[PDB]
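Remarks on the structure that follows.
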Amino acid sequence: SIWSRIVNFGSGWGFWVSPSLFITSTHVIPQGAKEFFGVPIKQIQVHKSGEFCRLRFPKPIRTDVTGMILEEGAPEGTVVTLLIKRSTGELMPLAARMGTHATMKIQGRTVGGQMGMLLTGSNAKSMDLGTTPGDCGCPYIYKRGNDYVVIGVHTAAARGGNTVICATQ
Amino acid sequence: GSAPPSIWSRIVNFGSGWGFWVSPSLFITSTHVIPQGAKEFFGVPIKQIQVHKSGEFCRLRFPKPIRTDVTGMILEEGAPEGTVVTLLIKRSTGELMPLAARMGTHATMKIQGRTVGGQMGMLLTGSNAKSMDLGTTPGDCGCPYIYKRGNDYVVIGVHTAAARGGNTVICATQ
């Protein structure tokens, strides 16, 4: 169910927070885009905050989804779930402990957001089930009491597979 | 030549659940899901299959190298306590989901009127496995627990049962 909310978007992924609210990364959205989900961009409310992108639609497309809470990051030390999909069919829940806010440069590209450490990053990578460049846009979600909270979207991972950056807003 | 097959292609429906090809002629599953009706498994008659059982663990060795595409893999009884392993869950829905688990000590529990046993593990999914649409189901019985040591893959057993909370699972071994 939650997995049906994470969909291909551009060169990566995005996530439906509510029937009219979709979050992704600007790194994913192709250059020169004109329409999203059949809706002209001029009709879509667009908020970009660094690598974080928030789209709100005039009409409730995806009427099946239950709206979730969108927050800016998580308290330091909070364990969250990183829900990554691959184009090949794998659905992978990785555990992530969130740290402080940071800026990171890997390959000339600079990203910013909340830093996190994957608890099994090295383990998943050793079996070729770790983070890859195509995982950009996948959500960081945790359950707070009876709330389901989305704290941001994936934008980068270190080559070792353990250090990640979550874009927020 | 051709690409080696995906490790996921080695997980096949068997009876009511799944089993896993460890070698071209070595298939492991859970006894809970065995059809126990017909006299043929794959293309061999039961009488020609060498069978070894231990509790909920079932080991079938075939006289012929069937699944010729499969690279042989190490089969061991459990893993050292503390090892993080991957539970490769395949569902008939087409969903492929690897879950991390940290393995504990040998354990026993009761489920659905029967006693099961093997090595326990706790799922490492961040939030609780059943909080979100994660965690295992009875239909996942027989899926393998695998980890990598050095450059080799090691299989430690198959899925048998899970706690009512969904966060503790047990791995049948032998």
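Protein sequence lines correspond, in order, to chains A and D.
Going by the authors' numbering, the first sequence wraps up at 172, each residue one higher than the last.
Going by the authors' numbering, the second sequence wraps up at 172, each residue one higher than the last.
Note that the Cβ used here is the ideal one computed from N, Cα and C, for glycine as well.
The Cβ atoms of A/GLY119 and A/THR27 lie no closer than 8 Å to each other. Taken in chain order, the members of the stretch 113 to 130 of chain A whose beta-carbon sits within less than 8 Å of a beta-carbon on chain D are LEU122, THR123, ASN126, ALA127, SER129 and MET130. Put simply, the CB of A/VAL42 is far from chain D, with every gap to its CB atoms at 8 Å or more.
Following the DSSP letters along the chain, one finds A/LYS128 inside the alpha helix (DSSP H) bounded by residues 124 to 129. A/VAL49 counts as exposed, since fewer than 16 other C-beta atoms from the protein chains shown sit within 10 angstroms of its C-beta. Residue ranges of uninterrupted beta strand (DSSP E) with 3 or more members, entirely inside the stretch 50 to 106 of chain D and ordered along the chain, are 55 to 59 and 82 to 88.
Looking at the DSSP output, D/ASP138 bridges to nothing. Take the alpha-carbon of D/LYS146 and the one of D/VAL156: they are about 16 Å apart.
Within chain D, not a single residue places a beta-carbon under 8 Å from that of A/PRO78; the smallest gap is close to 14 Å. Rounded to whole angstroms, the Cβ separation of D/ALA160 and D/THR123 is 13 Å, and the two are not in contact under 8 Å. DSSP places A/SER21 in the strand class (E or B) of the three-state scheme.
Nearest neighbour of D/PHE55 by Cα position, chosen from D/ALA36, D/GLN117 and D/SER90, turns out to be D/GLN117. Cβ-Cβ separation between A/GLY137 and A/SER90: approximately 7 Å, consistent with a contact (criterion under 8 Å). Between the stretch 33 to 46 of chain A and the stretch 89 to 109 of chain A there are fewer than three inter-stretch CB-CB distances shorter than 8 Å, so the stretches are not counted as touching. In the DSSP assignment, D/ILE9 falls within the beta strand (DSSP E) that extends over 9 to 12. Relative to the Cα of D/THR106, the nearest Cα in the group D/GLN172, D/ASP131, D/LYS88 and D/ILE168 belongs to D/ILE168. Scanning its chain for C-beta atoms nearer than 6 Å, with the 5 sequence neighbours on each side dropped, one finds around A/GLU74 the residues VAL152 and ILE154, in chain order.
In this structure A/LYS88 is buried. Its beta-carbon is surrounded by 16 or more other beta-carbon atoms within 10 angstroms.
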